[PDB]
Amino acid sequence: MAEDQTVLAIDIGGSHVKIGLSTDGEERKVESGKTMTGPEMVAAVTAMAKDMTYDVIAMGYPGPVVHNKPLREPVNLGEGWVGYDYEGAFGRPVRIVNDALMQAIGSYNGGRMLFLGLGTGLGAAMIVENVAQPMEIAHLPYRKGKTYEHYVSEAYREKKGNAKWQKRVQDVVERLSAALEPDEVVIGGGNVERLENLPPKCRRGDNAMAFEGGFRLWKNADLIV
């Protein structure tokens, strides 16, 4: 039964690989960094989890994913992630989604929800009527000369300050909301603690929602995607 599986959720980022079990939610982590390869991640997780019991794995991957297969190598990690046999390497079934999609799933409380992930990269996902869809917005033109990701970068924040960057984040939220008509917008990623005063229909996601999204990916049978 899908609902009964014990899940090991893996949140992969440019700084750490974080893991947690559905049976307790307790986090362990190890450094990743710019050279960590796919195989190196698997070996690091396996070692971290050596005294844990898990049936299945859910992985939140910092790049595009199609049907549990990474499509692109990670921007801020090493190579060897695309085409790798994660299921054989872990010796367990594995589901893999883009990292923003995983946090979106964990944040979902019903209806039409847009998730915006303010991390090293700009991520997004949307869930409607329990159907979750990943999005790629980082490369889209916000205006001529300027992609969405460039428009809200940490580089801009460290230059012009929290107040002006927050206004640019609000601009992005308004533009996506006009396109997609969500009931609510959840803002997560590591940078979400940097935002002061959210507009109506907006809430802060908690980082715990990455693991919860991983647990849901297997255990919640109302989820499509």
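In case it trips you up, residue 1 is the first one in the sequence shown, and so on.
Given 95 to 103 and 130 to 138, the range whose Cα B-factors average higher in the PDB entry: Result: 130 to 138.
Between the two ranges 139 to 147 and 80 to 88, the one averaging a larger CA B factor in the entry: Between 139 to 147 and 80 to 88, it is 139 to 147 that shows the higher mean C-alpha B-factor.
Residue with maximal Cα B-factor (values as given in the PDB entry) among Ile57, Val192, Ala163, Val66: Of the candidates given, the C-alpha B-factor peaks at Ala163.
Most elevated Cα B-factor in the entry, residues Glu196, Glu158, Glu174, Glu40: Reading the PDB entry, the winner on C-alpha B-factor is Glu158.
Ranked C-alpha temperature factor of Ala178 among modelled chain residues, by third: Lowest third, going by the recorded CA B-factors of the chain.
Relative C-alpha B-factor of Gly214, binned into the chain's lowest, middle or highest third: For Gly214, whose C-alpha B-factor we compare with every modelled residue in the chain, the answer is the lowest third.
Where the record places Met1 (Cα B-factor, split into thirds across the chain): According to the entry, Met1 has a C-alpha B-factor in the chain's middle third.
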